[PDB]
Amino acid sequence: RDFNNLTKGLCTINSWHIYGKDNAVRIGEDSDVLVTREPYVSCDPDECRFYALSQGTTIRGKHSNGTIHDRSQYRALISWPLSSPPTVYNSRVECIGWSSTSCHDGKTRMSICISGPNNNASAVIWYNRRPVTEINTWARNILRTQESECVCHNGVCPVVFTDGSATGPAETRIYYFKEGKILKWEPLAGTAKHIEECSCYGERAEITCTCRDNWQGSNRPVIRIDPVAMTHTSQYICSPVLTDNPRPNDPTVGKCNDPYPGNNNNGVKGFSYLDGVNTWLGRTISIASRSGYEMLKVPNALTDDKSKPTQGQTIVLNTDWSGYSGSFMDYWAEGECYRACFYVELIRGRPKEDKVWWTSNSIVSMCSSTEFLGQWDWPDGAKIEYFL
């Protein structure tokens, strides 16, 4: 109807309740479930759906062999009903490509897919399910974007892209789209030194993105965007509670304007909700691999370089595989505040489970509760041996 405006603040997060879970790998053992990875969740004014990058083959299909690879001509951004698995028969293709983002502006949806060879990729921006704008690679080195939803404010939907090295300085740009057209773009500014896969959310006319510094940081870079002025700033989460992976053990003091050292050229897409005392960080339990997942309440994590946890909640046990994680919220829910939500990608198969030739995942998603709810762990649930 009218463009949505980020007029509410976040609800108080006292715990996390189960929101969605598709048990895709369990079900796909004996049904036509597509192989995927890089999932996320995004809402329309009347529905919330699961999203992911399909690999263009079912898990039991022979073409599942080799799906550990990230970029192929057989990938596409698909969406499907909440908590259902991504099947051949219920998956709606939003666009073709191996890197994506998508968000609804209140009137209709914008989806972006990047495709092409490493030195000649291009982004196609779709709006109202039609292609509207295209952007060619500017650094000719894997043009790539969020892998989770973007956020809109009065028609303006900022999106973070990176083109260039994954192990040195790269060329990150913040594009401001409206109805799929480019209003403006700016090069990354601030103190974040490397940006990849931003996880964003909005509240009170401000959009916050927690990203991945693949080059040197084990703390996460943060980009805060003003969608009206179409400007931004960047820094790192100050807190010593490190949230990338792999990462060194937690120190007692973090870094606010530089990558916290110890691990180079690697990382995992992640997220956080930075809202004063109502601050919660997500991270893998393991400092070595994408194992387990927990939420930690770390008051003022963004600005306090000595901030430590005051509460927490385990989402996935350290004895279970996790993966990417990102933020989304139902901006069209009732009430006076936006309920923070996130999803965790539960990766199965290669490289951790190499008895199978494929790599896929299932999804688990939670939203915040003002109650202090009891906790459960939520594993993918499949038995690899069944696939042998």
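The numbering used is simple: start at 1 and walk along the sequence shown.
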Could you check which stretch, 21-29 or 376-384, carries the larger mean CA temperature factor in the entry? 376-384
Using only C-alpha atoms and the B-factors in the entry, which stretch averages higher, 31-39 or 347-355? 347-355
So among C200, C157, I78, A170, who wins on Cα B-factor in the entry? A170
Of the residues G292, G217, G116, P86, the one carrying the largest Cα B-factor as recorded: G217
B-factor third for the C-alpha atom of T58 within its chain: lowest
Chain third (lowest, middle, highest) by recorded CA B-factor, residue given as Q73: middle
Comparing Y175 with the other modelled residues of its chain, is its CA B-factor in the lowest, middle or highest third? middle
Based on the entry's values, in what third of the chain does the Cα temperature factor of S325 lie: lowest, middle or highest? lowest
Can you tell me whether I225 has a C-alpha B-factor in the lowest, middle or highest third compared with the other modelled residues of the same chain? middle
